[PDB]
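K.L.:
Following this message is one structure expressed as structure tokens.
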Amino acid sequence: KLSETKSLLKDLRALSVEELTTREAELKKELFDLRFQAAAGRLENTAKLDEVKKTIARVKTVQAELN
Amino acid sequence: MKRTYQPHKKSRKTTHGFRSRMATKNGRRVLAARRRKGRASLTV
Amino acid sequence: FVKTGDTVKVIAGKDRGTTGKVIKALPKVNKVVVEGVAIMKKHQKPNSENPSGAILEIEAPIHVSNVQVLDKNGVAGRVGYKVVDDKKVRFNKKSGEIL
RNA sequence: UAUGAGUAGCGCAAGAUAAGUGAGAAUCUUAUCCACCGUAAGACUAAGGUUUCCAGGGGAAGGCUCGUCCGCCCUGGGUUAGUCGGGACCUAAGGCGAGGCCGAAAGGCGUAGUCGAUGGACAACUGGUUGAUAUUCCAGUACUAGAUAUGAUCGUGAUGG
RNA sequence: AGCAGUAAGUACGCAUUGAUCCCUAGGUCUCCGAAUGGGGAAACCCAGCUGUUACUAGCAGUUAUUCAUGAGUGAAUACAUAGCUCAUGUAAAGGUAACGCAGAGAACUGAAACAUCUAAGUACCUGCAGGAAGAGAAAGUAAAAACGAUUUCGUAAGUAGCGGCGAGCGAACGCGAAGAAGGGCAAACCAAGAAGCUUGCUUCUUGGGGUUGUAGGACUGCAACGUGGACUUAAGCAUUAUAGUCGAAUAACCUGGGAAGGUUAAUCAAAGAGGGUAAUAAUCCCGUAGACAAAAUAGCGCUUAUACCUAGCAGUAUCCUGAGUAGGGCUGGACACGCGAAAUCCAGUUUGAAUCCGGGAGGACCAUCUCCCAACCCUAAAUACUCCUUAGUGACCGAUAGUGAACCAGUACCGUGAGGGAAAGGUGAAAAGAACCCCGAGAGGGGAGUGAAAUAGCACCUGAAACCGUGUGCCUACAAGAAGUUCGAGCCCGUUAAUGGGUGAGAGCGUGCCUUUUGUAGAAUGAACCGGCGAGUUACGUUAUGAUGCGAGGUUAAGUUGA
């Protein structure tokens with residue numbers, strides 16, 4: 001439903017790590033203030049943690065591995 | 001009176017550290033006995 | 001089974017012949033909570049989410065043997081399945097064949 | 001599971017009352033006296049112990065008895081360095097030891113070398129500070145070493161001596 | 001079709017669009033560890049170099065050693081050499097279930113002691129290897145026609161033998177079965193080179209030559225056969241693991257908390273294996289029998305030319321054919337073989353041939369005969385054993401068993417260490433886990449209600465046994481007993497309906513049980529009690545006795561077939 005869209009859409013296209021993954025291996029690679037909201041509380045919404053680390057994870061292990 | 005072990009940290013190692021036991025081709029063999037049994041730990 | 005479902009007979013067991021709708025089977029339990037059937041009741045404490053308690057008409061699950069899926073004309077049997085169409089077609093034997 | 005047996009012991013020293021606490025106080029807490037040690041039965045510091053510390057709560061067992069108390073239990077915090085001790089220095093005693101030596105083998109010896117502190121090298125010390133950290137947190141004074149920013153000037157001067 | 005391992009336990013959520021999941025491949029792979037930049041006690045410290053990107057940073061990689069291969073260097077001392085430096089190659093070090101091989105190698109025992117023997121060349125230890133290893137192609141056995149590498153099993157058969165000839169240990173031959181493959185090289189020579197180029201070289205390099213027993217090759221003759229063997233390459237084919245898929249055949253009544261149980265009937269058939277289901281199922285489900293399915297996945301197998309080296313053959317110019325080699329001396333050892341008549345082989349040490357008219361074996365040895373050709377190398381197969389992967393099977397075993405370990409077991413725990421080494425499963429179908437109310441500081445109880453059941457309440461099925469009880473009919477406070485009988489006053493009660501039982505005053509007569517002993521009651525042992533465990537087997541052989549079968553004829557072993 002949500003996750004297959006919001007996961008499969010992203011970066012199967014072959015643009016590159018300091019090139020395409022600027023949104024993930026650079027930008028949201030700042031995992032700060034989401035974690036850093038983790039254990040600060042006042043978040044109420046969990047799945048972003050391993051969801052986003054999963055997306056940067058697939059960003060590195062595919063996109064920052066295929067070259 | 002006095003008892004046997006009042007060891008220090010050098011005392012508790014230096015007979016039984018992983019390179020001490022590993023060293024002489026022999027204690028590593030009995031460590032491999034301790035691995036092929038596989039008890040609670042290995043080096044101590 | 002495959003996902004129940006519909007009104008479902010109970011042949012043997014404590015309540016013979018009773019039919020009742022299902023959607024909520026969770027087949028890993030291998031016994032299915034069905035409304036109306038196996039009427040558990042719980043004397044729950046007056047605590048959170050029920051500050052009186054003492055009555056919970058949640059009902060017990062009973063085994064796959066005592067679940068009996070009918071096709072839509074109220075006819076049960078044995079699920080011949082996958083037979084007809086693109087992915088899967090469920091039916092019972094001697095049945096009106098609908099799912 | 002007896003038995004012995006409700007007997008031995010209750011593990012080397014004196015507390016006392018009043019008041020609180022609680023439900024229940026001898027044994028918890030306070031007050032007030034007494035008492036003891038005092039080249040210690042003080043404080044501080046090795047090894048060691050490995051969180052036992054403190055705060056709050058509780059009392060299944062533990063506490064040799066009770067027990068609200070606790071080194072018991074749950075929960076939470078608590079240890080801060082350029083100068084303090086070590087390492088990024090050196091080295092004894094010793095160990096390991098490429099080379100080499102011999103050896104059925106494994107090995108055991110050992111030159112160079114290598115680590116190996118209890119040693120020898122070297123800058124920070126006063127005051128305050130918590131429930132708890134203090135030479136570590138900060139006020140004041142430093143000094144050591146380096147850096148980049150900057151008028152040298154030929155200077156550095158080694159594993160050698 | 002729900003997911004959100006363990007499991008409660010929570011939350012954002014997530015998902016038939018295809019999740020969770022299963023499989024396959026790729027990814028990243030903290031540190032230590034062969035552990036290896038250097039040191040270092042295991043979870044460390046400190047680096048150097050190359051770019052990075054910024055910093056008195058960080059990132060990413062390179063930097064252990066030995067060996068081999070090159071490259072350079074170049075001491076005494078000229079070249080050289082040692083030595084040094086760099087580069088390349090996991091090579092390769094290391095972890096290892098069991099089997100193997102090889103070295104090193106005991107003792108205890110037993111021999112009624114024991115020095116010979118045995119145990120056994122076994123325990124251990126070290127190394128070397130693979131899926132098996134070794135193993136092997138007669139310098140063989142044998143003894144007459146006798147075959148033709150090995151290996152395993154049966155046989156011979158404890159037969160031959162050896163042995164303080166004690167105690168023991170112990171064949172081979174031949175036969176039977178499985179399995180059944182041999183092929184290169186050096187040599188001699190021939191050609192090429194280079195060279196002792198000291199010329200004719202007589203050493204090296206390359207390629208032919210051919211691998212031999214009745215000799216064979218080289219020299220003169222002269223034939224192309226697939227080949228793990230004369231290429232165990234590559235390309236297709238086929239199919240298996242590696243995801244799984246479909247997959248038949250039933251209803252009612254009685255009982256109960258519940259039918260599959262009893263009863264009534266019906267079906268199926270490559271599925272009445274097995275397991276669940278509240279209580280025993282073929283027809284409820286998983287399944288089952290059969291029938292399909294895989295891209296990648298690791299393979300196996302078939303066809304194809306290729307992946308390459310071999311043949312016969314007559315004759316015999318001379319050469320070759322495996323030199324410190326056989327042998328001989330001594331010291332050993334193995335071979336059944338313990339020095340012996342001792343074979344035969346392999347060691348140390350010493351001496352040392354012949355070489356085809358040859359040489360060796362035929363259990364000292366000398367002749368005749370038989371066989372073979374060492375002293376060069378490789379060889380599948382039949383075999384050994386499983387940590388492992390499933391498919392499984394049980395006259396296995398049921399929680400002291402069965403693995404030490406059904407359970408977070410090698411756990412707890414002991415010990416510094418090497419080591420050792422425990423205990424424990426079950427509620428109920430389903431937690432439906434006892435709301436509430438009351439006692440109680442709390443726990444715990446008691447009512448209620450729960451459930452088929454609450455003696456069913458969280459270590460919970462079932463619940464003895466020792467122990468403690470509480471009630472109960474009789475008797476005992478003039479008694480000094482292996483604690484009993486037998487009779488029995490008297491009392492009480494009424495039963496596997498029985499010449500009833502529970503008692504029992506009183507009265508007669510009465511030294512517990514076990515091993516040992518000549519004899520124990522014992523002051524001879526030993527036993528706290530209770531429950532559980534807890535000990536004469538089988539493997540192979542002989543003898544005896546029977547049973548059966550056939551009988552001077554009984555008898556198949558191993559093996560093969562097959563469930």
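Just remember, in the structure tokens the first chain shown is A, the second B, etc., residues are 1-based per chain, and ligands are 1-based in the order shown.
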Taking only C-alpha atoms (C1' of nucleotides) into account, find every residue of chain B that has an atom no more than 8 Å from chain E, and write it out as a ChimeraX atom specification.
P.N.:
/B:5,10,12-14,16-19,37-40
K.L.:
Give the residues of chain D that lie within 9 Å of chain B; count only C-alpha atoms (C1' of nucleotides), and format the answer as number ranges by chain.
P.N.:
D: 47-48, 106
K.L.:
Counting only C-alpha atoms (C1' of nucleotides), which residues from chain A have an atom at most 12 Å from any atom of chain E, and could you show them as a PyMOL selection string?
P.N.:
chain A and resi 1-5+43-51+57-66
K.L.:
From chain C, collect each residue whose DSSP state is helix (DSSP H, G or I) and return the set as number ranges by chain.
P.N.:
C: 27-29, 64-66
K.L.:
Keeping N, CA, C and O atoms, export the residues of the selection given above as a PDB file, in the first residue's frame.
P.N.:
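Output (part.pdb):
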ATOM      1  N   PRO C  27      -4.878 -17.779  10.946  1.00  0.00           N
ATOM      2  CA  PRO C  27      -4.764 -19.250  10.892  1.00  0.00           C
ATOM      3  C   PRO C  27      -3.581 -19.840  11.641  1.00  0.00           C
ATOM      4  O   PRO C  27      -3.530 -21.064  11.792  1.00  0.00           O
ATOM      5  N   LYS C  28      -2.636 -19.023  12.111  1.00  0.00           N
ATOM      6  CA  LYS C  28      -1.580 -19.528  12.976  1.00  0.00           C
ATOM      7  C   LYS C  28      -2.136 -20.009  14.311  1.00  0.00           C
ATOM      8  O   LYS C  28      -1.544 -20.884  14.953  1.00  0.00           O
ATOM      9  N   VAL C  29      -3.286 -19.473  14.727  1.00  0.00           N
ATOM     10  CA  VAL C  29      -3.953 -19.959  15.928  1.00  0.00           C
ATOM     11  C   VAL C  29      -4.506 -21.363  15.698  1.00  0.00           C
ATOM     12  O   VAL C  29      -4.637 -22.149  16.648  1.00  0.00           O
ATOM     13  N   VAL C  64     -10.100 -26.088  13.481  1.00  0.00           N
ATOM     14  CA  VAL C  64     -10.369 -26.156  12.048  1.00  0.00           C
ATOM     15  C   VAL C  64     -11.321 -27.300  11.711  1.00  0.00           C
ATOM     16  O   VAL C  64     -12.082 -27.228  10.738  1.00  0.00           O
ATOM     17  N   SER C  65     -11.303 -28.365  12.509  1.00  0.00           N
ATOM     18  CA  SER C  65     -12.273 -29.439  12.338  1.00  0.00           C
ATOM     19  C   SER C  65     -13.690 -28.944  12.578  1.00  0.00           C
ATOM     20  O   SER C  65     -14.615 -29.320  11.852  1.00  0.00           O
ATOM     21  N   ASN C  66     -13.881 -28.089  13.579  1.00  0.00           N
ATOM     22  CA  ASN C  66     -15.197 -27.535  13.844  1.00  0.00           C
ATOM     23  C   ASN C  66     -15.441 -26.217  13.156  1.00  0.00           C
ATOM     24  O   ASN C  66     -16.467 -25.582  13.415  1.00  0.00           O
TER      25      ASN C  66
END
K.L.:
Extract, using only C-alpha atoms (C1' of nucleotides), all DNA, RNA and protein residues at most 12 Å from residue 63 of chain C, discarding same-chain residues fewer than 4 positions from it, and format them as a list in words.
P.N.:
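Final neighbour list, sorted by chain and number: residues 1, 9, 10, 11, 12, 13, 14, 25, 27, 28, 29, 30, 31, 32, 33, 34, 37, 38, 67 and 68 of chain C; 276, 277, 278, 284, 285, 429 and 430 of chain E.
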K.L.:
Could those residues be written to a file, using C-alpha atoms (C1' of nucleotides), as a PDB file, in the first residue's frame?
P.N.:
ATOM      1  CA  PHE C   1      -7.876 -22.826   5.470  1.00  0.00           C
ATOM      2  CA  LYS C   9     -20.865 -24.093  10.301  1.00  0.00           C
ATOM      3  CA  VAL C  10     -19.791 -25.898  13.476  1.00  0.00           C
ATOM      4  CA  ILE C  11     -20.653 -29.585  13.184  1.00  0.00           C
ATOM      5  CA  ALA C  12     -19.165 -31.241  16.249  1.00  0.00           C
ATOM      6  CA  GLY C  13     -18.223 -29.750  19.568  1.00  0.00           C
ATOM      7  CA  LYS C  14     -20.153 -27.799  22.156  1.00  0.00           C
ATOM      8  CA  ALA C  25      -9.317 -16.071  11.779  1.00  0.00           C
ATOM      9  CA  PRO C  27      -4.764 -19.250  10.892  1.00  0.00           C
ATOM     10  CA  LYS C  28      -1.580 -19.528  12.976  1.00  0.00           C
ATOM     11  CA  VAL C  29      -3.953 -19.959  15.928  1.00  0.00           C
ATOM     12  CA  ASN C  30      -5.332 -23.005  14.000  1.00  0.00           C
ATOM     13  CA  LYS C  31      -8.704 -22.394  15.707  1.00  0.00           C
ATOM     14  CA  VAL C  32     -10.971 -19.528  14.877  1.00  0.00           C
ATOM     15  CA  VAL C  33     -12.790 -16.967  16.985  1.00  0.00           C
ATOM     16  CA  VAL C  34     -16.255 -16.644  15.410  1.00  0.00           C
ATOM     17  CA  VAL C  37     -19.782 -19.329  18.780  1.00  0.00           C
ATOM     18  CA  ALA C  38     -17.919 -20.628  21.871  1.00  0.00           C
ATOM     19  CA  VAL C  67     -14.930 -24.764  11.320  1.00  0.00           C
ATOM     20  CA  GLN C  68     -16.970 -25.630   8.225  1.00  0.00           C
TER      21      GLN C  68
ATOM     22  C1'   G E 276      -4.285 -33.260  15.095  1.00  0.00           C
ATOM     23  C1'   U E 277      -9.367 -32.185  16.244  1.00  0.00           C
ATOM     24  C1'   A E 278     -12.381 -30.855  24.090  1.00  0.00           C
ATOM     25  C1'   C E 284     -13.224 -32.688   9.523  1.00  0.00           C
ATOM     26  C1'   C E 285      -8.270 -30.846   8.681  1.00  0.00           C
ATOM     27  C1'   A E 429     -10.347 -28.262  25.833  1.00  0.00           C
ATOM     28  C1'   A E 430      -9.978 -23.078  25.809  1.00  0.00           C
TER      29        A E 430
END
K.L.:
How far is it from atom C1' of residue 180 of chain E to atom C1' of residue 150 of chain E, in Å with one decimal?
P.N.:
10.2 Å
K.L.:
How far is it from atom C1' of residue 72 of chain D to atom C1' of residue 59 of chain D, in Å with one decimal?
P.N.:
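So the two atoms, atom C1' of residue 72 of chain D and atom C1' of residue 59 of chain D, lie 8.7 Å apart.
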K.L.:
Between atom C1' of residue 137 of chain E and atom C1' of residue 182 of chain E, what is the distance, to one decimal in Å?
P.N.:
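Between these atoms lies a distance of 7.0 Å.
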K.L.:
Considering only C-alpha atoms (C1' of nucleotides), return as a ChimeraX atom specification whatever protein or nucleic-acid residues lie within 9 Å of residue 5 of chain C, sequence-local ones (same chain, fewer than 2 positions apart) excluded.
P.N.:
/C:2-3,7-8,21-25,69
K.L.:
Between E:138, E:1, E:112, E:376, which residue has the minimum interatomic distance to chain C, considering only C-alpha atoms (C1' of nucleotides)?
P.N.:
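Result for the nearest residue to chain C: E:1.
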K.L.:
Got a sec: who's within 12 Å of residue 111 of chain D, counting only C-alpha atoms (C1' of nucleotides), leaving out chain neighbours fewer than 6 positions off, as a PDB file with C-alpha atoms (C1' of nucleotides), in the first residue's frame?
P.N.:
ATOM      1  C1'   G D  97      63.038 -14.051  19.440  1.00  0.00           C
ATOM      2  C1'   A D  98      63.773 -13.075  12.415  1.00  0.00           C
ATOM      3  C1'   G D  99      68.555 -14.261  11.440  1.00  0.00           C
ATOM      4  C1'   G D 100      71.687 -18.846  13.101  1.00  0.00           C
ATOM      5  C1'   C D 101      72.508 -23.231  16.298  1.00  0.00           C
TER       6        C D 101
END
K.L.:
Give me the residues near residue 53 of chain C as a ChimeraX atom specification, where near means some atom within 10 Å (using only C-alpha atoms (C1' of nucleotides)) and where sequence neighbours in that chain fewer than 4 positions away do not count.
P.N.:
/C:42-49 /E:435-436
K.L.:
Mind checking which residues fall within 12 Å of residue 52 of chain D, counting only C-alpha atoms (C1' of nucleotides), ignoring those fewer than 2 positions away in the same chain, and posting them as a PyMOL selection string?
P.N.:
chain D and resi 49-50+54+71-72
